[PDB]
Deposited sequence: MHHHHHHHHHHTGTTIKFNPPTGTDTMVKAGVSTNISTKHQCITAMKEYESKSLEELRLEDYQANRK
């Protein structure tokens, strides 16, 4: 539980027709976190004192 794993923005692609490369600047976009919400993770950190 918590955000023990380092934050690392996932890479992706979007269109703007030409594709462009993107970085997902939100931790829960990661595969290690994709099944939880921001608030869910933060509470888990607070309850463990990982501030």
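Counting from residue 1 of the deposited sequence, the stretches lacking C-alpha coordinates in this chain are 1-11, 28-32.
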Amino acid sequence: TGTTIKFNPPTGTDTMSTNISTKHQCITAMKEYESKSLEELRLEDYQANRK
From here on, numbers count along this sequence of modelled residues.
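As listed in the deposited structure, the average C-alpha B-factor of 38-46 and of 7-15 is greater for 7-15.
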